[PDB]
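Colleague: This is the structure I have questions about; it appears just below.
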Amino acid sequence: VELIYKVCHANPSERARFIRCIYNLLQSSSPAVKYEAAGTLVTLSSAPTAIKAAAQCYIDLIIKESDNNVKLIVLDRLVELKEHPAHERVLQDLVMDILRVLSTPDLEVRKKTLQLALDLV
Amino acid sequence: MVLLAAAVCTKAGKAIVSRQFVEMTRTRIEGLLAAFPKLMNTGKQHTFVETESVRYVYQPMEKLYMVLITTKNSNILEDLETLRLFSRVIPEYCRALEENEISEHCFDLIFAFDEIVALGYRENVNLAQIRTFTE
Amino acid sequence: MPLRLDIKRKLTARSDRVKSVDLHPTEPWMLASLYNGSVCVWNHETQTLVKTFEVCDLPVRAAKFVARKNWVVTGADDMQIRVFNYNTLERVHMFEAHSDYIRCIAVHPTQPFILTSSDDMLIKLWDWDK
Amino acid sequence: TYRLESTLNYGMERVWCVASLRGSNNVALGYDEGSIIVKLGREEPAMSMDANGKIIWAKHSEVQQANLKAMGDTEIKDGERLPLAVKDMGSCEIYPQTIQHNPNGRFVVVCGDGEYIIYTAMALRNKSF
């Protein structure tokens with residue numbers, strides 16, 4: 001017997017069902033910002049660069065939902081980390097620069113990152 | 001059943017000791033354990049790895065794999081937790097994993113397997129509980 | 001004389017005489033090397049014990065992390081420094097660091113070196129990469 | 001000055017080693033009956049920004065800890081950290097446990113050791129105590 005009216009009431013078991021129940025009550029344009037899904041998810045690619053590369057992808061997606069032309073593919077939500085105020089301190093673009101890569105982190109993360117610079121902006 | 005078998009493996013290419021809760025996986029147990037646990041259950045040093053459509057959960061100990069296998073699943077936390085409790089119970093019987101000492105305490109381990117997981121549903125065990133049985 | 005302080009007990013663990021205490025070079029974990037023949041590491045932020053390594057059956061005086069290799073160096077009353085992978089849980093290497101037990105190990109992250117100090121009145125250098 | 005800041009016992013006793021985190025504010029100490037990891041205080045700075053552009057801190061650069069100073073009249077781009085922009089500020093007599101300018105700029109307060117000393121906004125003559 002699953003689905004609660006509450007937030008919880010306690011314990012890992014209730015907690016595990018709860019992220020399933022949350023995805024129901026907001027399906028809309030992926031989870032966007034991953035819920036209690038995040039904990040199992042890292043181990044799913046323990047070998048080792050692939051986690052960061054994946055993580056980088058989600059973080060880029062999350063920033064904004066742009067036009068979505070050829071390699072401008074960022075989904076998730078339109079505003080939830082914006083892009084580009086001129087009063088924002090120390091700005092969004094600092095994280096965007098990582099994604100522009102020569103190899104600036106390692107090659108698996110690099111391939112993901114170049115696509116990801118292209119994708120947000 | 002949700003849990004096909006609970007199995008201790010040697011990656012010598014055979015299931016060293018294993019438990020079939022109800023008559024289903026007899027000989028089947030040895031072939032699965034023998035192929036898959038050799039490759040680290042085909043893992044990459046990840047506790048969950050699934051191969052040939054069977055979920056394998058594992059922990060390496062030496063040349064040996066302590067293995068839990070399921071092909072169905074009720075909850076995330078649970079599969080690990082029976083394996084984990086098993087891993088408290090196994091060095092009490094065999095002083096880590098090692099094929100010869102695992103072999104000698106087939107009875108000990110096997111009995112724990114029946115007690116721990118009953119008709120594929122993960123019951124709980126503890127080293128003191130285990131004692132009443134082998135007394 | 002006044003100073004901004006606030007002593008707080010981040011994590012405690014009970015074990016036989018711990019000769020060395022370490023913080024992981026780049027990780028939030030602290031490793032303590034015990035006289036249990038075991039070295040144990042715990043991440044004292046989430047209060048999770050990440051891993052233990054049985055270096056010897058006789059006291060391990062020293063332990064430190066060589067974070068880049070993803071390995072830990074320990075020196076025990078085996079008169080050896082034994083190296084293990086702290087995520088693939090197995091012993092990476094075994095070597096005799098000294099003719100006597102190893103009190104402390106220091107790690108040079110920028111060089112392949114660990115120099116270890118031992119009570120054979122000598123400090124020896126080992127290169128993890130070789 | 002090597003005057004005793006604290007003495008700590010734990011019921012673990014015989015403390016063999018110490019080591020300190022190189023990124024600072026955790027020290028760990030090895031004992032006979034175990035190990036402890038301990039967290040030291042000071043995590044955050046004390047400072048306050050008035051309306052006179054005297055943003056006062058203590059410690060830091062172009063300011064001493066014992067005395068009091070600092071100014072910040074710079075407005076360069078919101079996207080980066082702005083310079084120190086310090087201008088010198090007169091007398092102090094106590095240590096700053098917390099040091100703060102007045103929110104509209106008329107007072108300065110240095111607080112320390114169970115005492116507060118008030119110094120004047122931009123002149124720093126002893127106003128009050």
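In the structure tokens, chains take letters A, B, ... by order of appearance, with residues numbered from 1 within each chain and ligands from 1 in the order shown.
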How close does each residue of chain B get to chain A, giving the shortest atom pair and distance in Å to one decimal for every residue with an atom at most 8 Å away, counting only C-alpha atoms, sorted by chain and residue number, as JSON lines?
Modeller:
```
{"residue": "B:44", "atom": "CA", "partner": "A:47", "partner_atom": "CA", "distance": 6.4}
{"residue": "B:45", "atom": "CA", "partner": "A:46", "partner_atom": "CA", "distance": 6.9}
{"residue": "B:46", "atom": "CA", "partner": "A:46", "partner_atom": "CA", "distance": 6.2}
{"residue": "B:48", "atom": "CA", "partner": "A:44", "partner_atom": "CA", "distance": 7.9}
{"residue": "B:75", "atom": "CA", "partner": "A:13", "partner_atom": "CA", "distance": 7.9}
{"residue": "B:76", "atom": "CA", "partner": "A:16", "partner_atom": "CA", "distance": 7.7}
{"residue": "B:77", "atom": "CA", "partner": "A:13", "partner_atom": "CA", "distance": 7.3}
```
Colleague: Could you name the residues that touch residue 29 in chain A at 9 Å or less, counting only C-alpha atoms, but leaving out those on the same chain fewer than 4 positions away, as a list in words?
Modeller: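 Counting only C-alpha atoms, the residues come to residues 75, 76 and 77 of chain A.
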Colleague: With N, CA and C atoms kept, could you save the residues just selected as a PDB file, in the first residue's frame?
Modeller:
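The resulting file, result-v5.pdb, is shown below:
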```pdb
ATOM      1  N   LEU A  75      16.733  21.742 -22.280  1.00  0.00           N
ATOM      2  CA  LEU A  75      15.354  21.592 -21.767  1.00  0.00           C
ATOM      3  C   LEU A  75      15.241  22.159 -20.345  1.00  0.00           C
ATOM      4  N   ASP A  76      14.612  21.358 -19.563  1.00  0.00           N
ATOM      5  CA  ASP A  76      14.154  21.592 -18.197  1.00  0.00           C
ATOM      6  C   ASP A  76      13.320  22.855 -18.125  1.00  0.00           C
ATOM      7  N   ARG A  77      13.500  23.748 -17.179  1.00  0.00           N
ATOM      8  CA  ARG A  77      12.669  24.882 -16.940  1.00  0.00           C
ATOM      9  C   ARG A  77      13.321  26.008 -17.498  1.00  0.00           C
TER      10      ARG A  77
END
```
Colleague: Skipping near chain neighbours, those fewer than 4 positions away, what residues fall within 10 Å of residue 67 in chain D using only C-alpha atoms, listed as a ChimeraX atom specification?
Modeller: /D:58-59,63,89-96,110
Colleague: Grab the residues selected above and save them as a PDB file, in the first residue's frame with N, CA, C and O atoms.
Modeller:
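Wrote out-v1.pdb, looks like this:
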```pdb
ATOM      1  N   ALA D  58      37.727  44.245  10.815  1.00  0.00           N
ATOM      2  CA  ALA D  58      38.923  44.185  11.640  1.00  0.00           C
ATOM      3  C   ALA D  58      39.734  43.045  10.959  1.00  0.00           C
ATOM      4  O   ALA D  58      39.245  42.284  10.151  1.00  0.00           O
ATOM      5  N   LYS D  59      41.100  43.083  11.163  1.00  0.00           N
ATOM      6  CA  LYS D  59      42.039  42.106  10.622  1.00  0.00           C
ATOM      7  C   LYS D  59      42.124  42.540   9.219  1.00  0.00           C
ATOM      8  O   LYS D  59      41.969  43.729   8.935  1.00  0.00           O
ATOM      9  N   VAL D  63      44.278  47.449   7.631  1.00  0.00           N
ATOM     10  CA  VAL D  63      43.555  47.461   8.843  1.00  0.00           C
ATOM     11  C   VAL D  63      44.307  46.544   9.733  1.00  0.00           C
ATOM     12  O   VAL D  63      44.941  45.648   9.173  1.00  0.00           O
ATOM     13  N   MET D  89      41.237  54.765   9.697  1.00  0.00           N
ATOM     14  CA  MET D  89      40.336  55.140  10.775  1.00  0.00           C
ATOM     15  C   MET D  89      41.075  54.993  12.118  1.00  0.00           C
ATOM     16  O   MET D  89      41.788  54.029  12.434  1.00  0.00           O
ATOM     17  N   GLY D  90      40.906  56.089  12.936  1.00  0.00           N
ATOM     18  CA  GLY D  90      41.508  56.381  14.221  1.00  0.00           C
ATOM     19  C   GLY D  90      41.336  55.323  15.277  1.00  0.00           C
ATOM     20  O   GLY D  90      40.707  54.287  15.044  1.00  0.00           O
ATOM     21  N   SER D  91      41.856  55.578  16.504  1.00  0.00           N
ATOM     22  CA  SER D  91      41.900  54.796  17.707  1.00  0.00           C
ATOM     23  C   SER D  91      40.916  53.757  18.022  1.00  0.00           C
ATOM     24  O   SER D  91      39.744  53.911  17.786  1.00  0.00           O
ATOM     25  N   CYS D  92      41.447  52.743  18.766  1.00  0.00           N
ATOM     26  CA  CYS D  92      40.672  51.658  19.375  1.00  0.00           C
ATOM     27  C   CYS D  92      41.467  51.390  20.661  1.00  0.00           C
ATOM     28  O   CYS D  92      42.553  51.906  20.890  1.00  0.00           O
ATOM     29  N   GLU D  93      40.888  50.614  21.608  1.00  0.00           N
ATOM     30  CA  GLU D  93      41.475  50.355  22.886  1.00  0.00           C
ATOM     31  C   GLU D  93      41.165  48.865  23.159  1.00  0.00           C
ATOM     32  O   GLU D  93      41.861  48.325  23.978  1.00  0.00           O
ATOM     33  N   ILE D  94      40.216  48.136  22.447  1.00  0.00           N
ATOM     34  CA  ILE D  94      39.891  46.783  22.801  1.00  0.00           C
ATOM     35  C   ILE D  94      39.970  45.990  21.532  1.00  0.00           C
ATOM     36  O   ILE D  94      40.189  46.487  20.446  1.00  0.00           O
ATOM     37  N   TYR D  95      39.842  44.678  21.670  1.00  0.00           N
ATOM     38  CA  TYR D  95      39.938  43.694  20.645  1.00  0.00           C
ATOM     39  C   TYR D  95      38.540  43.682  20.111  1.00  0.00           C
ATOM     40  O   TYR D  95      37.624  43.979  20.847  1.00  0.00           O
ATOM     41  N   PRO D  96      38.311  43.357  18.836  1.00  0.00           N
ATOM     42  CA  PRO D  96      36.962  43.267  18.184  1.00  0.00           C
ATOM     43  C   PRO D  96      36.570  41.873  18.166  1.00  0.00           C
ATOM     44  O   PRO D  96      37.020  41.078  17.333  1.00  0.00           O
ATOM     45  N   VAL D 110      33.088  48.826  18.679  1.00  0.00           N
ATOM     46  CA  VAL D 110      33.928  47.669  18.687  1.00  0.00           C
ATOM     47  C   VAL D 110      33.455  47.058  19.995  1.00  0.00           C
ATOM     48  O   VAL D 110      33.330  47.723  20.974  1.00  0.00           O
TER      49      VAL D 110
END
```
Colleague: Among range 13-106 of chain C, which residues does DSSP mark as strand (DSSP E) when it is run on the backbone? Keep the chain and numbering as in the structure and answer as a ChimeraX atom specification.
Modeller: /C:13-14,20-23,29-33,38-43,48-54,60-66,71-76,81-85,90-95,102-106
Colleague: Filtering to N, CA and C atoms, could you give me those residues as a compact mmCIF listing (two decimals), in the first residue's frame?
Modeller:
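To be explicit, this is the file written out as part-v4.txt:
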```
# COMPACT_ATOMS: atom_id res chain seq x y z
N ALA C 13 35.56 8.32 17.77
CA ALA C 13 35.52 6.95 17.52
C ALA C 13 36.36 6.30 18.58
N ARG C 14 36.06 5.10 19.20
CA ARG C 14 36.83 4.52 20.26
C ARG C 14 37.60 3.39 19.59
N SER C 20 48.49 8.15 14.87
CA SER C 20 48.44 9.21 13.88
C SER C 20 46.98 9.43 13.61
N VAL C 21 46.67 10.64 13.15
CA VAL C 21 45.42 11.33 12.83
C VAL C 21 45.96 12.17 11.68
N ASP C 22 45.03 12.28 10.73
CA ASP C 22 45.18 12.84 9.45
C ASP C 22 43.88 13.35 9.00
N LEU C 23 44.01 14.45 8.18
CA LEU C 23 42.92 14.80 7.34
C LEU C 23 43.34 14.46 5.95
N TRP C 29 37.19 13.63 4.59
CA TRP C 29 37.37 12.50 5.44
C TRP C 29 38.55 12.77 6.34
N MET C 30 38.61 12.15 7.57
CA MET C 30 39.80 12.15 8.42
C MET C 30 40.09 10.70 8.60
N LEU C 31 41.36 10.30 8.53
CA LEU C 31 41.87 8.93 8.68
C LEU C 31 42.59 8.96 10.02
N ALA C 32 42.52 7.89 10.78
CA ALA C 32 43.21 7.82 12.04
C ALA C 32 43.85 6.46 11.90
N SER C 33 45.09 6.35 12.40
CA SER C 33 45.72 5.14 12.30
C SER C 33 45.81 4.73 13.72
N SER C 38 44.65 -2.03 12.31
CA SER C 38 43.70 -1.46 11.43
C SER C 38 43.90 0.00 11.42
N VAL C 39 43.62 0.60 10.32
CA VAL C 39 43.54 2.04 10.16
C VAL C 39 42.11 2.18 9.82
N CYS C 40 41.48 3.27 10.23
CA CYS C 40 40.08 3.43 9.92
C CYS C 40 39.92 4.86 9.50
N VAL C 41 39.04 5.09 8.53
CA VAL C 41 38.67 6.44 8.09
C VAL C 41 37.19 6.71 8.12
N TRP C 42 36.94 7.94 8.70
CA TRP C 42 35.61 8.33 8.75
C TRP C 42 35.52 9.72 8.33
N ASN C 43 34.41 9.96 7.54
CA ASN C 43 33.98 11.27 7.07
C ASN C 43 33.05 11.81 8.06
N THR C 48 29.64 9.14 8.46
CA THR C 48 29.60 7.89 7.80
C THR C 48 31.06 7.43 7.94
N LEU C 49 31.32 6.11 8.24
CA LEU C 49 32.66 5.58 8.19
C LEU C 49 32.75 5.12 6.76
N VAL C 50 33.64 5.73 5.93
CA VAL C 50 33.87 5.38 4.51
C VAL C 50 34.55 4.04 4.33
N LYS C 51 35.74 3.73 5.04
CA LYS C 51 36.30 2.44 4.87
C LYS C 51 37.26 2.13 5.98
N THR C 52 37.67 0.90 6.16
CA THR C 52 38.68 0.46 7.14
C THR C 52 39.71 -0.38 6.28
N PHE C 53 41.03 -0.51 6.70
CA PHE C 53 41.97 -1.30 6.09
C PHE C 53 42.77 -1.92 7.19
N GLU C 54 42.99 -3.24 6.99
CA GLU C 54 43.73 -4.07 7.91
C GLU C 54 45.10 -4.21 7.27
N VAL C 60 49.29 -0.08 13.60
CA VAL C 60 49.62 0.71 12.49
C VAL C 60 49.78 2.04 13.11
N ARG C 61 51.02 2.52 13.10
CA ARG C 61 51.29 3.79 13.73
C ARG C 61 50.83 5.00 12.83
N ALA C 62 50.95 4.89 11.45
CA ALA C 62 50.87 6.04 10.62
C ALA C 62 49.79 5.70 9.60
N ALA C 63 49.00 6.73 9.17
CA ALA C 63 48.33 6.49 7.93
C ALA C 63 48.03 7.87 7.30
N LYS C 64 48.08 7.92 5.97
CA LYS C 64 47.85 9.11 5.21
C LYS C 64 47.24 8.74 3.86
N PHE C 65 46.62 9.71 3.20
CA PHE C 65 45.99 9.46 1.92
C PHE C 65 46.84 10.05 0.79
N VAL C 66 47.09 9.28 -0.29
CA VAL C 66 47.71 9.81 -1.49
C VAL C 66 46.55 9.80 -2.46
N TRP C 71 44.60 6.30 -3.27
CA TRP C 71 45.17 5.30 -2.47
C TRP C 71 45.52 5.85 -1.15
N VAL C 72 45.68 4.95 -0.10
CA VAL C 72 46.06 5.28 1.24
C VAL C 72 47.34 4.49 1.54
N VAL C 73 48.25 5.19 2.27
CA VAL C 73 49.50 4.62 2.66
C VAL C 73 49.37 4.49 4.18
N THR C 74 49.92 3.38 4.80
CA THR C 74 49.81 3.05 6.12
C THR C 74 51.18 2.55 6.46
N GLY C 75 51.62 2.59 7.70
CA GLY C 75 52.89 1.96 7.98
C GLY C 75 52.57 1.39 9.31
N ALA C 76 52.89 0.13 9.43
CA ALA C 76 52.56 -0.67 10.49
C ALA C 76 53.79 -1.40 10.98
N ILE C 81 55.03 -0.48 4.57
CA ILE C 81 53.98 0.48 4.21
C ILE C 81 53.23 -0.22 3.19
N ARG C 82 51.95 -0.35 3.35
CA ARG C 82 51.06 -1.14 2.51
C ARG C 82 50.10 -0.08 2.12
N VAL C 83 49.69 -0.25 0.86
CA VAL C 83 48.99 0.66 0.09
C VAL C 83 47.76 0.00 -0.33
N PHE C 84 46.67 0.75 -0.27
CA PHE C 84 45.45 0.19 -0.62
C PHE C 84 44.75 1.20 -1.42
N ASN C 85 43.75 0.76 -2.28
CA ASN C 85 42.76 1.59 -2.99
C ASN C 85 41.58 1.64 -2.01
N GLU C 90 41.11 -3.05 -1.92
CA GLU C 90 42.02 -4.12 -2.13
C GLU C 90 43.28 -3.49 -1.85
N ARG C 91 44.39 -4.29 -1.68
CA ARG C 91 45.70 -3.79 -1.33
C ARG C 91 46.43 -3.63 -2.66
N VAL C 92 46.69 -2.30 -2.96
CA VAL C 92 47.40 -1.82 -4.18
C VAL C 92 48.83 -2.30 -4.15
N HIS C 93 49.56 -2.11 -2.98
CA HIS C 93 50.91 -2.50 -2.99
C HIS C 93 51.35 -2.81 -1.58
N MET C 94 52.47 -3.54 -1.48
CA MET C 94 52.95 -3.98 -0.22
C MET C 94 54.43 -3.75 -0.44
N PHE C 95 55.13 -3.16 0.56
CA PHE C 95 56.52 -2.97 0.38
C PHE C 95 57.01 -2.81 1.74
N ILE C 102 56.77 2.07 11.37
CA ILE C 102 56.68 3.32 10.70
C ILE C 102 55.75 4.16 11.51
N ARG C 103 56.32 5.18 12.15
CA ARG C 103 55.67 6.13 12.99
C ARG C 103 54.85 7.13 12.23
N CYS C 104 55.35 7.71 11.13
CA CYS C 104 54.63 8.70 10.38
C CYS C 104 55.05 8.52 9.01
N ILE C 105 54.23 8.97 8.02
CA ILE C 105 54.29 8.97 6.57
C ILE C 105 53.88 10.38 6.26
N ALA C 106 54.43 11.03 5.22
CA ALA C 106 54.12 12.39 4.71
C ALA C 106 54.05 12.12 3.25
```
Colleague: Work out how far apart CA of residue 59 in chain C and CA of residue 34 in chain C are and give it in Å to one decimal.
Modeller: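 Straight-line distance from CA of residue 59 in chain C to CA of residue 34 in chain C works out to 6.4 Å.
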Colleague: Please report, as a ChimeraX atom specification, each residue of chain B to which DSSP assigns helix (DSSP H, G or I) when run on this structure's backbone.
Modeller: /B:27-39,76-94,99-104,106-116,127-133
